[PDB]
Amino acid sequence: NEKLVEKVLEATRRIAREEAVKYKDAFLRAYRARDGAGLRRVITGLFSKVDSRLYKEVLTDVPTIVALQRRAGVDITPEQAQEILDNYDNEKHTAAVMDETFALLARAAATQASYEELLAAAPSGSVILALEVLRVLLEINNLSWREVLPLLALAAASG
């Protein structure tokens, strides 16, 4: 499981880096305006695009889905993983994952949690994916988590 999830994360990080460059200027504009709703829209758009590609290219079978969920401490059966694959809906999934992710980010902002701590707190495999995507977007903009967390918490109350 450890080995397959690192393959998942390697592909997630690569795809996120490819896509994030297209969104980096819009991300910075929302950051500089301290526009919580706008920042959330840009992160949501990047994640939707990455996640759509993941469900075509990376998250395509039972062992991959099972391994991703195990990393977040969720044990699922083969049939439960196949249900995830068969019911995937990009729009519905992106929205639900962004809700959980922004709630986690609001808590991290209130406690000044580190990235490693907030990642360890991810309640699902999809939240892990969302946090990895966000980390790539921050890094290519040379933005620190301390700089952006307050605005992310405001986005948790917006949308």
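Shape summary of the range 1-49, radius of gyration then Dmax from alpha carbon positions: 13.5, 42 Å.
Which entries in the list 24/49; 7/92; 22/56; 3/92 go over 23 Å, if you measure between the two C-alpha atoms of each? Table pairs above 23 Å Cα-Cα are 7/92; 3/92. Distance from the C-alpha centroid of the range 14-85 to that of the range 126-157: 13 Å, rounded to the whole angstrom.
Could you work out the relative contact order of the range 38-92, using alpha carbon pairs under 8 angstrom and six or more residues apart, expressed as a whole percent? Could you put the intermediate results ahead of the total?
Working: 25 pairs, mean separation 19.8, N = 55.
Rounded, it is 36 percent for the range 38-92.
Each helix, a run of at least 4 DSSP H residues, gives -39500 (n - 2.57); summed and divided by the residues of the chain, these come to -26500 deg cm²/dmol at 222 nm.
Based on the Cβ-Cβ distance from residue 74 to residue 146, what FRET efficiency comes out when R0 is 25 Å, to the nearest 0.05? That pair, residue 74 with residue 146, gives E of 0.25.
Computed from Cα atoms alone, the Kirkwood hydrodynamic radius reported for the range 2-156 is 15.7 Å.
Quick note: the coordinates plus some simple rules give every number you see, no bench work behind them. Backbone-built Cβ (ideal geometry, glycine too); neighbour counts: all protein chains shown.
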